[PDB]
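[1] what's the 3D shape of this:
(chains A, B, C, D, E, F, G, H, I, J, K, L, M and N, ligands or ions: 4)
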Amino acid sequence: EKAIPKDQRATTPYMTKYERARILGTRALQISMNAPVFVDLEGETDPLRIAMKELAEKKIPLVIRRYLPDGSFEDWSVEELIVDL
Amino acid sequence: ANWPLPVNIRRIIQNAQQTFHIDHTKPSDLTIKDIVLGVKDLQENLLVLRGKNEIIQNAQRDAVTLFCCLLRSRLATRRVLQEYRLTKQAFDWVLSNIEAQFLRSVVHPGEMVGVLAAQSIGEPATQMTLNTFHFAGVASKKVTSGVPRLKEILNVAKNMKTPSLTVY
Amino acid sequence: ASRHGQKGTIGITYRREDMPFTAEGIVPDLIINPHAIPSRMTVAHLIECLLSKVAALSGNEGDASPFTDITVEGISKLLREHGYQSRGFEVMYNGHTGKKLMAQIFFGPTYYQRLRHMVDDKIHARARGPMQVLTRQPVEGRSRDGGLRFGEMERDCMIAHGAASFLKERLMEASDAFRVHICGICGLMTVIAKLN
Amino acid sequence: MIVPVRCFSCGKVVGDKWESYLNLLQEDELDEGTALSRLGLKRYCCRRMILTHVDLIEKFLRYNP
Amino acid sequence: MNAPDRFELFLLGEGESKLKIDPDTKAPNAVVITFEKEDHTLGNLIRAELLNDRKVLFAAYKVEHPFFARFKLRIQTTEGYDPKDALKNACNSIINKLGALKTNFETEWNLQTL
Amino acid sequence: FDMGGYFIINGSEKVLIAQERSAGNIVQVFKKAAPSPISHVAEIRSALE
Amino acid sequence: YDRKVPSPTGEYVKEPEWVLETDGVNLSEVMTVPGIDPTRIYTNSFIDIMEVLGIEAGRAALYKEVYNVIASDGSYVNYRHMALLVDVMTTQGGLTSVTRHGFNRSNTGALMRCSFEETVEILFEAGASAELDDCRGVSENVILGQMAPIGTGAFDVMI
Amino acid sequence: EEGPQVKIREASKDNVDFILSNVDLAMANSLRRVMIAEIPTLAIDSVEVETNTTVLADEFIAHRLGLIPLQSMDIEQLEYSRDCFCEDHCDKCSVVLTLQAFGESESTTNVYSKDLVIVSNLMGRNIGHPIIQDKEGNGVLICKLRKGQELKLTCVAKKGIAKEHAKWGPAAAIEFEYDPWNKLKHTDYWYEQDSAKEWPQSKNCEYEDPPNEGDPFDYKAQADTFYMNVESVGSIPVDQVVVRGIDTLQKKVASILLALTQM
Amino acid sequence: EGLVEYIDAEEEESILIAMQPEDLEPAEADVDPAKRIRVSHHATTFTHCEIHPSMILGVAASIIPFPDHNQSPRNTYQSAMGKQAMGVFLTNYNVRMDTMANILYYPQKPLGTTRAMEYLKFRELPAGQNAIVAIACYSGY
Amino acid sequence: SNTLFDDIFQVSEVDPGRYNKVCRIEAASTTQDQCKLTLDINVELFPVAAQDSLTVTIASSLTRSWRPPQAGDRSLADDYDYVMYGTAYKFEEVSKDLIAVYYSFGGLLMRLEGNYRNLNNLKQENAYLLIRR
Amino acid sequence: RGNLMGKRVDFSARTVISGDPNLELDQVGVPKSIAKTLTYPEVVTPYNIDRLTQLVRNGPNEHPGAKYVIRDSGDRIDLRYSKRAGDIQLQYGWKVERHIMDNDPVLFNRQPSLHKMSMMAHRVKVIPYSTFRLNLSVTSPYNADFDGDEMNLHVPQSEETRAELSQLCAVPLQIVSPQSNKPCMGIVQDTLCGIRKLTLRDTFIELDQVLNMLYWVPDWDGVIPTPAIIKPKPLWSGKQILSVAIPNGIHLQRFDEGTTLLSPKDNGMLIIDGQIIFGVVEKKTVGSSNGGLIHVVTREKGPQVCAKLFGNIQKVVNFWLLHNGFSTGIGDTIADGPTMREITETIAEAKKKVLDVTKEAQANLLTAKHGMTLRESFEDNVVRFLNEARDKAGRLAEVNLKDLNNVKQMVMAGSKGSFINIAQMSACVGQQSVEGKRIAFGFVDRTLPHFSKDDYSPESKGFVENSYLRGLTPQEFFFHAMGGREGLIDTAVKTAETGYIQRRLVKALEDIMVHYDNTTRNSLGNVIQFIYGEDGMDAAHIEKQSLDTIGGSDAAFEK
Amino acid sequence: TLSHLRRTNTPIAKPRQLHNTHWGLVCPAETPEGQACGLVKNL
DNA sequence: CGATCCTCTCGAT
RNA sequence: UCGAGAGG
Ligand SMILES: [Mg+2]
Ligand SMILES: [Zn+2]
Ligand SMILES: [Zn+2]
Ligand SMILES: [Zn+2]
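    Residues are numbered from 1 along each chain as shown, chains lettered A, B, ... in the order given. Ligands and ions are numbered 1, 2, ... in the order given. Provided below are the atomic coordinates:
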């Protein structure tokens, strides 16, 4: 309460540009803070390039709370969202 | 006829024409059923607003109306075979291309549309020169133009400099 | 600037070698773009060049006085007599290669002005420093090593872009930001914080 | 303010030609064109160097200290 | 103020070597010699001379930015011809030609009066 | 070469700028706007020399 | 005036038609006149269309007016932008100006309104009526030095 | 007699007119530019002013001093101070000059380049002597003094090239024209009525045949003949400008050939 | 001697002026095509003649060469710039102690002059140099 | 292959419309009283008079980077004076059977009208045009 | 207004801007001194530690170095003063305020900021000399030039802040404008001029140049294209070599006037795959056109690929033009002899046409149409008779101008110039206006005191029969000055007004954003639109397209 | 200097426009931009 | 009760 | 601070 259950989720199945940039940002800030990486580095050292790889290999364990104007919200895991951008 | 619409269909066709190396001498492998039903099916998987209720269903139905008009007229059974000379493989690729390209064309929630609108009007308004006009050939063409006129509109001017009434 | 409403900054500096050159070895002191000329319609600039060429050659002052009877034809007549083609064009070779250019260049002397305010007098870069006493915000002017104003217009631009955090950073981390104590009953800055 | 050494454009030494120029005009009574010609200032970049020069030094020397 | 020193046009720094050989990734018998502290005087002269060799397939030079006195020279030669060799021969041919010029000029100079 | 025409106030050179004003003792007639009750006005900017 | 009207054969044609232009407005009375086409009558006074034909008709005229000013100077702005501006003035039921009288009178946040005009006085009436600011506005968050709900901040990110 | 061929027209103490036949434009140009910026010469590189009571600024004079031409005949038997193993300058790497002038006259006393005086040991090499081409014997005016006026300074002349600063140029102006008839069609003439009437003919048109009216455009033809006139400032004699030009290029080509030994 | 007269804008109203002396009062009836199109006499009841039409301009505009071959706003623009162009402001500069003083090393008198420049002492205290310039598309810099 | 098309044409018109090196040439076949040709030709290299009768050929014979023609052991498919390489851009039909093939030789356009070359000229990026005498 | 909605900030920089044809689109040329001043706080991670110590060891004065080092407790160590500056062995979790180096995201801006394109993220490129440097193609969205403009540069202090710049503000992802649903950047000046120049049918290049031009394109496949000509000398066309800069799968078709799919005039456009088939490349192809090569490449290949294209086109073109050269002289305003004769009589017969109408007005024979004065009618007739004159005289000039005419060349490319310009400079300046009417009777019944009372003749009321080449008369001059002054007044007047309009507009629409239900709402959650712009489509993802079922005959629709 | 000494200032119907009567009295060209254009005159 | 934005400099109490 | 001049 309030929320919205996983079944009946009416919002966009695709990730917004604003969602992507906010996710890539937070993960880059996480990596820079010496946080554990969830993908085998390919001679990478930049926190954004690594976060970008983590999103590409769908292993970013962050969640997005989409707020509807009534106050209600829909929780979407980065793992389920589509990146057609 | 020419209006700003999402998805450049012409571009997709030319892309299918080269990709699949279309031959204008050999007859196509398509069916009358394939074209008619295919274009009808493409007009279903198009999304702006999802939903399963009539309110949002009709709302989304209304949003695609003009784009579907373009789609119907461009992807017609005669044109698909006579003009474009599309193959089955090349046809399905066009169908799946539009569907995806359309979804990409949809505005993203969060987009600061208000600020964008204000700036979009503001910039060219600043670039307006000659508060008079360039209609100064005949003396009967004397109406408040440019920046003064834009000021009357936004202010909601009770009394305007050139109040006119054009009758048919 | 020239004497015809033509502002310009030095874009680059080339040595004598790399510069285009005349068959007699003359080389420009300055090169200006032909794209200035059409929109600005400053014909006299082109004229003063034709006359100042004819002037330096003949060893006489050029009469660039207004309401007179000096024609572009008159000047052009005298200049052909002085061995150069009547309109100011002359064969020019590429500095790097030595090959004649396809185009013939409008060469000649034009009186140019050295204007006030140079780069070094303008450059400013601040990455923290003096804060105005009252507001606790960066100071004004290059002179005091101050902050550049991120005005409403700029604030608005970031809003259009949808860069919520960057916009927050500019208004907090850079510039202002402060920590205060609020009473859960008051809602005011009443709390007498006796830290440590 | 004193004759420049060398022509800004080409580099031909000109700072040794001023007195000679001023003499040709005064003592020989001839015109600038034929004066610059006698000093061997062939090119127009060299021609302007001398012909366009305002020798303000002479005015500055009139101040006492 | 941000103005570099005029010696950086012909003077090598530290670690900066004159020639830098990097093999080309796009073509077979091709290489990219990056001549440091040099301009159009060496570039165009060597490039136009490389072209004279019947075994040279491609020869082009570029000065990527005017602020810096570098230049990249790309050579492509026939299989069984090292591009480093083509560069060697080109240089020698120039020296040979330049030599002839000096003598020829000196002979005509000594034949003059004034 | 100096032309003068200026002052020296505590070492600083001062130029007084010519101040444009409407001429005095001039009689001028003006049509007043449509809502206004007075259709025309005659004014005189009388001053003493 | 020149009119683009289709021929009996289907193709569109440049059929010229007589049109009268007025110095003055009395829309209500001029439209009831016989011989005119009351379906086509137009006035540059959008505010006059609003009181005779309704709010939705006014909105359309208001767009025609903003459009016409841009178009005249030789520029083009995508429909959606004027559409939004026009709709913003329209939504109130009548015509709300783009000045302190129009949009600044709105039910919006005291802090977001005092950022435009009549600064101190907006905050005075806010204090008097004891207004509650929901802080959902851009401006209040800019004053508060917080990440506003603008794209990037329009959603909460969690673990 | 191998590749390039030279034919000298004008021979003077200051100018050299010649024909560079059987040569590539890449070479003809490379030679022209190397003469401008890469022949080393001797020019004032540091000024120490002890007394200056003139109307001209310290740096204004210093700047002017740099431009005065000084004998560079034996510049190869002088080192670049950057290569020298001393501290600052010396005799192997520099020439020290002196300038002292005082307004002894009620009239106006002038400072010439003849008034500069060599102080350091030059060791029999022809170097440092100010270049004087004026018929009165006083080449170049440096400054003018009234009465009280006095200018006392010492200056160090150093080895260098124009590529570093224009003061180091034996250079001056180099004329360069190839194909006076535009047979190569290398340029496209701007005109109004007639190109032939509108554009004037060069003195070089006499040393070449005309286009020969109705004949097909020579496709494969390239520039092999080049008309040049090199004029010296005086620091290095004319013949030497061209020979040191040919040589400097040869040297910088050889350095690449030498870099293809170290790697 | 009353060969010249001082006239103000009010008295200007009652008089009839001629631009050129000789050209505006000789006789009536070949012509140079390059020369600008001039009206004629038409009104021949003159009271005064203009000393020189170039006198309508002032000091800053009197420095522009051929402003009559230029678009009017460019002439306005130059008049502001000429007042920011370095050069010998005064011969006694070496003696004046003042905040900001910009002086050109080798000022050059313009090769293209205006008869008005003589009274403005411009060729005596110049503010610019006679630069050899090519109008061209070189490196695109 | 070999050759795709070969015919002797006769020049009807030649015009340098604003161009000083190029000329759009109109020529019909001497044999085929229906066959037509349009061609942008470099007159600076190959001059053509308003009545010349020239032999035209299409080969697509003698992929990969161009090498300078070094005649060490080389011999191209030409005894011809004019050689051009181009690409197909449109295959139009003008009534019944009358074909129309469009070629661009780096912008130098070519249109060939006839009928017979049906199973011949294809959408090939390859197209060598050869003109002799 | 001055401290909350906007304020002065740390990590700022400002300087004169200069143009760089060798910089990339998204790049910015930052002077070394500025780079040496502006710092980015970088946390010590095993990934960077080595490069960071090296920078700490380069110190504040060698560029690829750093200033301040921050320890756990937040205490700063000043690298320009500290005795320990020499040593300093960094620990993980410590911050290193390093110098701003190559390829960093920087918010670059130009005032007035009335556009989201007046604020774009750029790639840092640290360079010598005191000016900020930029690509000519980014000049337009900022509305800058090189007469002396100054630009602002900001530096992100956090990872999320810099991510927001790279993913939302970057120059390539800003190419297509949502404002006008077309691109906001394109090929300009020398490049626009030179493209037309190179792109011609007559334009042919030889091997030596070809290879140099081929190499200049960085993304080059290393494949020498087969020349268009393989006869006496193998020649390449300008079209061929430029097509190398164009990628693959890029299809573009236009049609202008002639464009007979055999384009005899060499107009319109046809680009198939990665090659230009026919048509001269000018503003319509390579400018900020709605259906341009740019709008195509951004939509097809992507922003970063299209951004690369700006560089490629520029490099090839600028180089070819550096060797071809282009000028403009006084000779280009010289408009023949017989053409001038026709121009003169064109104005002369317009002058007679005016006199006759004046005479008819004077005879009271003329009658004005309903609604307007006999005087009101008379004026607008003379006004038209005189505009016709300047235009006819101008057309006469434009026709006489040769293909070689450098002004004609600039207009033809669309680089610089309009008809008006040709007309005023070489044929006739024309009639002058103030308050939208011809020169007023300022003096009692006269424009000037050199005229008689009650004189309505063209010349007397502000008509300038002379060109800028011929020169203006004293009267003509003054009248042109009067008109010119009006321009400058209402230039300043307009700017001061439109500024107030912009803030009002912005403040009114601040809070309007597309929500998570395609609903366009304000700060109160009040619905403005149900679908953004009546379709819920993004402005930059749209283009004008022909609806084929609306036009054509009933017969045509059927077949 | 000269241009400064010959300046005019006009405080506060259309003062900015170059009036007909200004002929030979005030300069038609020389005037500042924006702020006080046409109000600041030069003799 | 607003009347562009941002930037620079000097001088005076 | 208030005041003037200037730059886009
Ligand atoms: Mg500007
Ligand atoms: Zn409390
Ligand atoms: Zn010279
Ligand atoms: Zn030593």
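
[2] contacts, neighbours, all on C-alpha from now
    OK.

[3] for chain A, what spans make up the helices?
    Using DSSP state H, the helices found in chain A span residues A:17-32, A:47-56.

[4] Next, see if stretch I:54-68 gets close to chain C.
    Yes: for stretch I:54-68, a contact with chain C is found by CA under 8 Å from any CA of the partner chain, at I:54, I:63, I:64, I:65, I:66, I:67, I:68.

[5] Ends of that stretch, what's the gap?
    This stretch, stretch I:54-68, spans 10 Å end to end (CA to CA, to the nearest Å).

[6] follow-up on the earlier one: which of the helices of chain A is buried the deepest?
    helix A:17-32 (a mean of 23; mean count of other CA atoms under 10 Å in any protein chain shown).

[7] those strands in chain G, which residues are they?
    When assigned using DSSP state E, the strands of chain G occupy the ranges G:2-6, G:12-16, G:20-23, G:42-43, G:155-158.

[8] need those in JSON lines with distance to chain L, can you?
    Supplementary listing: the strands of chain G in JSON lines, determined by distance: least, CA to the nearest CA, whole Å:
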{"stretch": "strand G:2-6", "distance to chain L": "39"}
{"stretch": "strand G:12-16", "distance to chain L": "43"}
{"stretch": "strand G:20-23", "distance to chain L": "27"}
{"stretch": "strand G:42-43", "distance to chain L": "32"}
{"stretch": "strand G:155-158", "distance to chain L": "46"}
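
[9] Which one of those lies nearest to chain A?
    strand G:155-158 (4.9 Å; CA to the nearest CA).

[10] What is the closest one packed up against?
    Helices and strands touching strand G:155-158, by 3 or more CA pairs under 8 Å, 6 or more residues apart in numbering or on different chains; DSSP states H and E, are strand A:63-67.

[11] outside of the strand it packs on, which residues touch it?
    Under the contact criterion CA atoms under 8 Å, 6 or more residues apart in numbering or on different chains, strand A:63-67 has outside partners A:11, A:19, A:73-78, G:154-159, K:516.

[12] in its sheet, what does that strand sit against?
    According to DSSP bridges, strand A:63-67 forms sheet pairs with strand A:73-77 (antiparallel), strand G:155-158 (antiparallel).

[13] any idea which helix or strand carries the nearest residue to residue G:42 once chain neighbours are set aside?
    Spatially, and ignoring its direct neighbours in sequence, residue G:42 is nearest to residue B:166 (5.2 Å; CA to CA, 6 or more residues apart in numbering or on different chains). Counting by DSSP states H and E, the element that carries residue B:166 is strand B:164-167.

[14] Off-centre distance for that strand?
    32 Å (CA atoms, centre = their mean, to the nearest Å).

[15] now swap in stretch K:379-387 and tell me
    Centre to centre, stretch against its chain (CA atoms, centre = their mean), the figure for stretch K:379-387 is 35 Å.

[16] Same check on stretch K:409-419?
    The mean C-alpha position of stretch K:409-419 is separated from the chain mean by 14 Å, CA atoms, centre = their mean.

[17] Centroid-nearest residue for chain I?
    For chain I, the residue nearest the mean C-alpha position is residue I:62 (2.8 Å; CA atoms, centre = their mean).

[18] which residues does that one contact?
    Residue I:62 neighbours (CA under 8 Å, 6+ apart): I:54, I:114, I:116, I:117.
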